[PDB]
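Heads up, the thing below is written out as structure tokens.
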Amino acid sequence: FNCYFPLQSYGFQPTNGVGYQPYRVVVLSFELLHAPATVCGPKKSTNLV
Amino acid sequence: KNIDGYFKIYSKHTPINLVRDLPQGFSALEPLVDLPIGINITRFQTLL
Amino acid sequence: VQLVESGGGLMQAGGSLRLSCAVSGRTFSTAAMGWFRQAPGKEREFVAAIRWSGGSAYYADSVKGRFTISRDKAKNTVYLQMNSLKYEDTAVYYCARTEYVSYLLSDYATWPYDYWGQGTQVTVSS
């Protein structure tokens with residue numbers, strides 16, 4: 001009484017409503033540190049003028 | 001200093017001639033390391 | 001995934017028996033284990049449940065103060081220590097397993113379990 005387990009399972013059946021269906025989620029966070037920038041885009045580099 | 005899971009380490013080396021305590025003066029410590037640890041820290045210790 | 005029961009059998013009233021139920025095969029997770037029993041001509045009935053995490057136990061009224069459910073996570077085994085045996089305890093005892101995590105332990109008394117053992121006879125004599 002008044003002592004519960006903090007977690008609970010999802011009920012994921014293929015017949016569940018889209019609202020209750022499982023969705024995979026990925027969150028991309030970008031970070032500039034006090035360190036070299038090592039993650040870069042595919043943009044081609046050019047010569048310097 | 002460990003901020004937002006990043007352990008920043010600055011340092012400085014200088015010659016001295018004193019046996020008592022910290023020499024009086026001024027010098028700046030430059031960053032050397034930034035480790036992306038995300039490790040929780042509340043205590044530390046030294047090893048000689 | 002298989003539930004393999006052992007122990008039990010014949011014991012005189014007032015005595016104690018221990019049932020074991022070992023889980024074999026690849027499991028992703030275990031939420032809870034339970035013991036049920038079915039006496040001849042009667043409906044299968046909840047006995048006890050244990051949460052795998054933390055080991056909190058829930059008991060049918062009929063076995064409180066007499067039976068203890070326990071778990072060995074490393075051996076993937078649940079136990080029922082059946083003390084102060086009475087004639088009314090005579091039944092086939094079934095091990096059950098679920099991956100369903102309820103916040104509410106008492107739910108394990110009425111939850112339909114996913115996996116069942118073969119059943120082990122306990123017979124209490126005079």
Item to check | In order through segment B:40-47: 3J(HN,Hα) via Karplus (6.51 cos²θ - 1.76 cosθ + 1.60), integer Hz, x for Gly, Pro | outcome: 5, 10, 9, 8, 7, 7, 10, 10
Checklist entry - What is the Cα radius of gyration of segment C:1-101 over 2.2 N^0.38 Å, N being its residue count? => result 1.05
Item to check | FRET efficiency estimate (nearest 0.05) - Cβ-Cβ, C:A109 to C:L10, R0 22 angstrom | outcome: 0.20
Checklist outcome for this item: Relative contact order as a percentage, chain B, C-alpha pairs under 8 Å and 6+ apart, gives 49 percent
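What net charge do the residues around B:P31 carry, taking every other residue with its C-beta under 12 Å from that of B:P31, with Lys and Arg at +1 and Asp and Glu at -1?
Charge balance in the 12 Å sphere: +1.
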Checklist entry - What list of ³J(HN,Hα) values in whole Hz, one per residue of segment C:52-57 in order, does the Karplus curve 6.51 cos²θ - 1.76 cosθ + 1.60 (θ = phi - 60°) give from phi, with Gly and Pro shown as x? => result 4, 7, x, x, 4, 10
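Work out the length of the dipole vector of chain C about its Cα centre, built from +1 on the beta-carbon of each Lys and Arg and -1 on the beta-carbon of each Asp and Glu, and round it to the nearest 20 debye.
For chain C, the charge dipole is close to 280 debye.
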Item to check | Whole-Hz couplings from phi, Karplus 6.51/-1.76/1.60, listed for segment B:2-8; x for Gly and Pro | outcome: 9, 10, 6, x, 10, 9, 9
Checklist entry - Roughly how many nanometres apart are two label points built 7 Å out from the Cα toward the Cβ at B:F26 and A:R24? => result 5.7 nm
Checklist entry - Sequence-distant or interchain residues sharing an amide H contact under 5 Å with C:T30, placed H: which? => result none
Checklist outcome for this item: Interchain or sequence-distant (5+) residues whose placed amide H lies within less than 5 Å of the amide H of B:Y6 are B:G38
Checklist entry - Sequence-distant or interchain residues sharing an amide H contact under 5 Å with C:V101, placed H: which? => result A:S9
Next on the checklist: Let's test the formula: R0 of 35 Å, r as the Cβ-Cβ distance of C:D72 and B:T42. What FRET efficiency results, to the nearest 0.05?
Outcome noted: 0.50
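Coordinate-derived values only; no laboratory data. When we count neighbours, we look across all protein chains shown, and the Cβ atoms used for this are built from the backbone with ideal geometry, even at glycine.
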